[PDB]
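*Asks:* Protein chains in written order, with PDB author numbering: chain B, 10 to 148, 152 to 229; chain C, 10 to 148; chain A, 152 to 229; chain I, 152 to 229; chain J, 10 to 148; chain G, 152 to 229; chain E, 10 to 148, 152 to 229; chain F, 10 to 148; chain D, 152 to 229.
1) Taking buried to mean at least 16 other C-beta atoms within 10 Å of its own C-beta, is residue 220 (chain I) buried or exposed?
2) Determine the direct distance from the alpha carbon of residue 85 (chain F) to that of residue 73 (chain B), and round the result to whole angstroms.
3) Return the first residue and the last residue of the alpha helix (DSSP H) that residue 34 (chain E) is part of.
4) Quick check on this structure: which residue in J:91, J:25 and J:49 has the alpha carbon closest to the alpha carbon of residue 119 (chain J)?
5) Can you tell me which of C:131, C:139 and C:148 puts its alpha carbon nearest to the alpha carbon of residue 91 (chain C)?
6) Taking the straight line between their C-alpha atoms, what separation do you get for residue 156 (chain A) and residue 198 (chain E)?
7) In three-state terms, what does DSSP make of residue 114 (chain F)?
8) Write down every uninterrupted run of the alpha helix (DSSP H) in the segment 45 to 90 of chain F whose length is 4 residues or greater and which is fully enclosed by it, in chain order.
9) If you compare alpha carbons, which of E:26, E:54 and E:154 is closest to residue 115 (chain E)?
10) Spatial neighbours of residue 25 (chain F) within its chain, please: C-beta separation below 8 angstroms, excluding the five flanking residues on both sides.
11) For residue 200 (chain A), count neighbouring C-beta atoms within 10 Å of its own C-beta (all shown protein chains included) and say buried if the count is 16 or more, exposed if not.
12) If you pair each beta-carbon of the segment 134 to 142 of chain E with each one of the segment 56 to 70 of chain E, do three or more pairs fall below 8 angstroms?
13) According to DSSP, is residue 179 (chain E) part of a helix, a strand, or is it coil?
14) Is residue 215 (chain G) helix, strand or coil by DSSP?
15) By the DSSP assignment, the alpha helix (DSSP H) with residue 17 (chain E) in it spans what residues?
16) Can you say whether residue 123 (chain B) is buried or exposed, counting buried as having 16 or more other CB atoms within 10 angstroms of its CB?
17) Could you list which residues in chain E have their beta carbon closer than 9 angstroms to that of residue 165 (chain D), in chain order?
18) Could you give the residue range of the alpha helix (DSSP H) that holds residue 195 (chain I)?
19) Sorted by chain position, which residues of the same chain lie with C-beta nearer than 8 angstroms to residue 205 (chain D)'s C-beta, five sequence neighbours on each side aside?
20) Taking 9 angstroms as the cut-off, decide whether the C-beta atoms of residue 207 (chain E) and residue 168 (chain A) are in contact.
21) Against chain I, which members of the segment 176 to 203 of chain A pass a CB distance test of less than 8 angstroms?
22) Have a look at residue 164 (chain D) and residue 229 (chain D) and give me their C-alpha separation to the nearest angstrom.
23) Quick check on residue 152 (chain D) - is its C-beta less than 9 angstroms from some C-beta in chain E?
24) Given a threshold of 16 other Cβ atoms within 10 Å of its Cβ, counted over all protein chains shown, does residue 158 (chain A) qualify as buried or as exposed?
25) Inspect the beta-carbon positions of residue 27 (chain J) and residue 147 (chain J) and report whether they are closer than 9 angstroms.
26) If distances are taken between C-alpha atoms only, which option among A:166, A:176 and A:160 comes closest to residue 152 (chain A)?
27) Starting from the Cα of residue 134 (chain E), find the closest Cα among E:46, E:13, E:22 and E:14 and give me that residue.
28) Given a threshold of 16 other Cβ atoms within 10 Å of its Cβ, counted over all protein chains shown, does residue 52 (chain B) qualify as buried or as exposed?
29) Pick from B:105, B:190, B:43 and B:117: whose alpha carbon is nearest that of residue 12 (chain B)?
30) Could you check which residue in E:80, E:62 and E:83 has the C-alpha nearest to that of residue 216 (chain D)?
31) Is residue 100 (chain F) helix, strand or coil when you go by DSSP?
32) My output table needs one value for residue 142 (chain E): the three-state DSSP class, helix, strand or coil.
33) Would a check of beta-carbon distances place residue 215 (chain I) closer than 9 angstroms to chain A?
34) Kindly indicate which residue of J:29, J:143, J:144 and J:127 has the alpha-carbon position closest to the one of residue 94 (chain J).
35) Closest to residue 154 (chain A) by CA distance: which of A:202, A:180 and A:210 is it?
Printed below as a string of structure tokens:
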């Protein structure tokens with residue numbers, strides 16, 4: 010049985026997006042919150058229709074379609090997808106993912122009837138990634157320096173934000189964050205990281221080490 | 010069957026962490042509250058992704074891994090771990106604890122299927138101790 | 152009225168796109184005729200600098216989102 | 152003479168292509184040397200706006216018809 | 010036996026294309042008129058060589074090739090094509106459609122000998138659609 | 152009283168360490184609580200130059216003798 | 010039989026190091042040239058004694074020792090090293106690599122007699138890596157911009173040089189070079205790379221594309 | 010037994026490439042000269058590392074890979090390749106051509122041991138064609 | 152004479168290290184006594200800023216190359 014999301018939560022989320030913007034970490038946290046239970050295509054579509062303006066909504070429809078197409082390519086590349094079945098008769102078409110298949114167009118009850126839980130979670134993850142892309146697109153890591161008066165946790169927050177919300181591949185973020193900690197982060201912390209008796213191979217470990225041995229001031 | 014945590018509670022906890030900080034006793038009490046039922050690796054991972062910033066989240070991943078490794082050392086030091094079994098075929102690998110094992114990567118339903126309750130409580134206690142370490146370290 | 156919407160001389164492109172998509176989706180057109188109309192209105196409205204920017208697109212843009220992304224990338228910062 | 156044909160400052164591109172293909176096919180070249188010559192004359196004649204339009208082609212154009220289609224698509228409407 | 014189209018009709022059609030353009034409904038009607046009987050690849054090729062300028066002729070060759078390729082994809086998707094046969098030995102290659110196959114290159118008589126009526130009507134419909142595309146593209 | 156001992160602005164570090172260890176060992180603390188107290192008093196007393204010198208220790212110092220050796224090595228000769 | 014390197018080539022290389030420095034690409038090319046045939050520890054040691062000053066020579070001895078120790082750790086981690094043998098009696102000690110073993114100290118002829126070709130090539134590669142480290146140490153990629161008048165091949169050369177001669181892991185150089193091509197390389201080439209109908213996933217492919225479609229001027 | 014190329018010849022060739030450029034006929038003649046004996050992948054790789062700058066070296070690695078892939082396609086299209094053998098156990102993989110196969114990575118002696126003369130001449134011709142492509146592309 | 156070598160007020164550290172290593176290795180000392188002498192001359196010469204920089208080394212430096220690397224890393228850029 011389909012239950013709609015509260016319009017009160019949706020109104021609060023829309024005002025959050027209106028004041029804080031699309032890219033603030035609080036906004037992404039709120040979206041993750043309202044993206045907790047697996048939503049039907051109807052739910053996510055109406056949610057993005059309400060919280061996003063017209064042009065961001067067009068961009069988001071595009072990005073969601075592209076991500077769903079990547080998902081369907083991975084699905085035809087592996088017959089063991091939680092959305093797929095074992096036989097060929099359970100293969101999931103994009104009409105079933107976007108809610109365009111037969112018995113689903115405009116009807117959320119029938120949608121919830123025919124859809125699989127794997128289908129729902131795949132649609133939800135696709136929509137979240139599309140939202141991230143559009144947010145990064147609507148509004152530079154290599155220009156980030158630690159200010160003379162700025163603390164180190166603020167600098168690390170800003171740098172990790174700008175590196176993860178950028179065009180780098182996922183497998184290239186940690187080395188870049190480390191090498192930016194080492195070359196930015198004004199020469200006191202540079203020498204503090206350089207003279208590390210242990211080898212630090214993770215941004216979290218570097219942050220912990222620097223927070224331990226930092227010059228209290 | 011897996012049931013997700015309410016995004017309303019998660020939003021309230023995130024704002025609590027945002028205003029009070031990581032180390033306040035009220036924040037630790039709230040975390041203990043949302044750490045009441047044994048959570049699956051997916052739940053704790055997403056929870057820490059939402060409530061913690063990027064750098065505290067990296068620190069927490071590190072600390073959680075270290076604590077889970079200590080747990081697995083104690084487990085290989087005692088075949089009577091509530092996560093282990095009696096035979097050698099039930100020995101619990103870190104891929105099964107971190108949710109990286111086969112049939113679990115990205116799927117919370119399969120996760121909840123294959124995991125043991127002892128596994129869940131050990132993961133939960135490890136995550137709580139890691140949160141305490143990171144909170145003591147950040148400020 | 153969607154067919155009377157022009158991008159002002161001082162207006163940014165995201166505001167123009169928002170206004171146009173709003174007026175086109177909140178109109179009497181069929182649902183299957185909104186995307187082509189939005190594209191062809193991006194091409195003929197959206198004052199001649201952006202018109203030439205869309206015209207000289209080495210790739211073929213077949214979606215309002217793709218056109219918006221392309222224009223936002225290659226727009227004249229001013 | 153084909154090697155003296157330039158696209159005039161005010162001439163359209165289809166007229167220039169017609170004139171060039173006419174002069175190249177009605178000349179003393181072998182039949183197997185007309186297409187490469189027509190392409191390389193499209194690239195070096197056809198005043199620098201279209202020259203840069205052909206240069207920055209994300210795809211490789213290997214036929215006069217394909218070059219004509221691409222230029223007609225992405226040409227600066229004026 | 011192959012019979013060529015009248016050069017008088019072709020001259021009148023060429024002057025029609027010259028004065029009215031490629032896209033006028035009278036021009037498309039005249040083309041449909043001269044596209045009534047199924048033409049051999051030689052006929053359509055020479056017709057487009059005469060009535061179209063050099064650049065529209067290049068565009069039309071491209072479009073005709075693309076449409077014929079779509080036809081051949083549909084033909085390999087259905088063994089009951091009026092150009093195909095029942096066995097695999099009657100499958101129609103693009104060399105046979107464009108008139109490039111053996112015994113056909115430059116010879117319209119041999120062309121008319123080996124070609125099927127389904128082949129002829131498919132080639133003709135493909136050429137008409139290509140003409141429509143190029144006319145919509147030129148102006 | 153051990154908890155009232157500060158390193159004077161002009162006092163050397165070995166004198167401060169001697170005074171502090173004397174007052175901590177000659178007090179009412181249990182024997183198992185003297186080393187942690189001596190360490191944490193080295194860290195919070197011992198005026199901010201030596202405080203920062205101990206804070207930025209690439210190694211972890213877990214003994215009063217090791218802290219004394221490190222500080223004596225890297226101290227500001229003056 | 011041992012043949013010494015020409016003192017004329019060594020004098021020319023020493024003057025090259027004296028005028029151009031340790032880090033110039035021409036100097037590294039010249040060193041690679043004189044590092045072509047596998048050299049005995051005597052040869053490399055005397056070569057670095059002559060071309061390098063006293064302090065860079067001390068640094069280079071340190072770095073060479075460290076790299077040789079890493080090599081010997083990999084050798085004890087794999088009994089199939091081209092310097093090792095199958096039995097335990099052919100295991101290669103650092104005294105044999107540094108030329109300190111019995112029958113080798115000060116004698117290049119005996120050195121050439123007892124040494125293996127795998128030993129020679131390992132020593133040579135170790136010495137080259139140590140030279141690179143010391144050159145990078147004696148005298152920043154994220155500060156490299158393409159000048160308004162600079163060509164693109166010069167900018168690419170400078171950037172690839174600074175990225176490969178840095179402290180990044182080997183698996184993080186290509187993504188960094190690509191993302192630096194995209195964000196540096198003044199906005200004309202930035203837009204040229206952005207509007208690429210194909211996806212460029214290699215620095216060589218990006219360089220080829222830009223060289224093809226660049227604005228001749 | 011592997012013998013390295015003289016660093017004197019390599020230095021002279023590098024200065025030739027530095028003053029005359031990549032495309033001069035004298036430079037191509039010098040490259041053909043130093044490309045006379047069949048070189049091992051190690052030799053050609055180090056040679057191009059020394060004589061070419063960083064960006065031309067990246068371009069050359071790309072082009073060399075593409076040409077070697079064309080060679081391997083022709084090799085799987087003909088079991089009588091001088092690099093191949095008669096049985097299927099002598100089929101030459103790209104790891105063996107680029108010097109990445111087992112027993113060859115970083116070791117020129119083992120390389121010279123396992124490689125065939127046909128393999129060497131194919132690698133050499135591929136590298137020469139790749140150099141020509143990159144030289145035509147750079148300027 | 153090696154024992155008379157001081158780092159000048161304006162001299163860089165690599166020049167001082169070069170001069171000192173030259174004078175120590177080209178002297179009458181045994182080969183097994185050069186490294187300790189070079190280290191102890193780095194520590195006592197090399198004007199008090201670098202003296203304190205070497206003194207406050209959280210790690211133990213037991214080689215002239217390691218001392219040179221450490222000082223070059225943490226030196227006061229000026």
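Every residue gets a Cβ at the ideal spot worked out from N, C-alpha and C, and that includes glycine.
*Replies:* Considering the structure as presented:
1) Buried: at least 16 other Cβ atoms inside 10 Å.
2) The straight-line gap separating the alpha-carbon atoms of residue 73 (chain B) and residue 85 (chain F) is approximately 42 angstroms.
3) For residue 34 (chain E), the uninterrupted alpha helix (DSSP H) segment begins and ends at 34 to 43.
4) The candidate whose alpha carbon is nearest that of residue 119 (chain J) is J:49.
5) Its Cα nearest to that of residue 91 (chain C), the residue C:131 stands out among C:131, C:139 and C:148.
6) Just so you know, the alpha carbons of residue 156 (chain A) and residue 198 (chain E) end up roughly 35 angstroms apart.
7) Looking at residue 114 (chain F) - three-state DSSP - the assignment turns out to be coil, as it is neither helix nor strand.
8) Within the segment 45 to 90 of chain F, the runs of alpha helix (DSSP H) that reach at least 4 residues and sit entirely inside it are, in chain order, 50 to 60 and 63 to 85.
9) The closest CA to that of residue 115 (chain E), considering only E:26, E:54 and E:154, is found on E:54.
10) Within its own chain, the residues whose Cβ lies closer than 8 angstroms to the Cβ of residue 25 (chain F), once the five positions on either side in sequence are excluded, are 35, 36 and 39, listed in chain order.
11) By the neighbour-count rule (16 or more Cβ atoms within 10 Å), residue 200 (chain A) is not buried but exposed.
12) Result yes; three or more Cβ-Cβ pairs closer than 8 angstroms.
13) DSSP places residue 179 (chain E) in coil when its eight states are reduced to three.
14) In the structure shown, residue 215 (chain G) falls within a helical segment according to DSSP collapsed to helix, strand and coil.
15) For residue 17 (chain E), the enclosing alpha helix (DSSP H) covers residues 16 to 29.
16) Flag for residue 123 (chain B) reads exposed.
17) Simply 62, 64, 65 and 147.
18) Counted as a single uninterrupted DSSP element, the alpha helix (DSSP H) harbouring residue 195 (chain I) occupies residues 185 to 195.
19) Counting only Cβ-Cβ distances below 8 angstroms, and skipping sequence neighbours, we find 193, 194, 197, 212, 218, 221 and 222.
20) No, the pair does not count as a contact, with Cβ atoms beyond the cut-off.
21) Listed in sequence order: 202 and 203.
22) Straight through space, the alpha carbons of residue 229 (chain D) and residue 164 (chain D) are spaced by roughly 12 angstroms.
23) Not closer than 9 angstroms to any Cβ of chain E, the Cβ of residue 152 (chain D) fails to qualify, so no.
24) Within a 10 Å sphere around the beta-carbon of residue 158 (chain A) sit 16 or more other beta-carbons, which makes this residue buried.
25) Contact: no.
26) Minimum Cα distance to residue 152 (chain A) is reached at A:176.
27) In terms of CA proximity to residue 134 (chain E), E:46 leads the group E:46, E:13, E:22 and E:14.
28) Flag for residue 52 (chain B) reads buried.
29) Comparing Cα-Cα distances from residue 12 (chain B) to each of B:105, B:190, B:43 and B:117, the minimum goes to B:117.
30) The alpha carbon of residue 216 (chain D) has as its nearest neighbour, out of E:80, E:62 and E:83, the alpha carbon of E:62.
31) Residue state, collapsed to three classes: coil.
32) DSSP places residue 142 (chain E) in helix when its eight states are reduced to three.
33) Not closer than 9 angstroms to any Cβ of chain A, the Cβ of residue 215 (chain I) fails to qualify, so no.
34) The candidate whose alpha carbon is nearest that of residue 94 (chain J) is J:127.
35) Nearest option by C-alpha distance: A:180.
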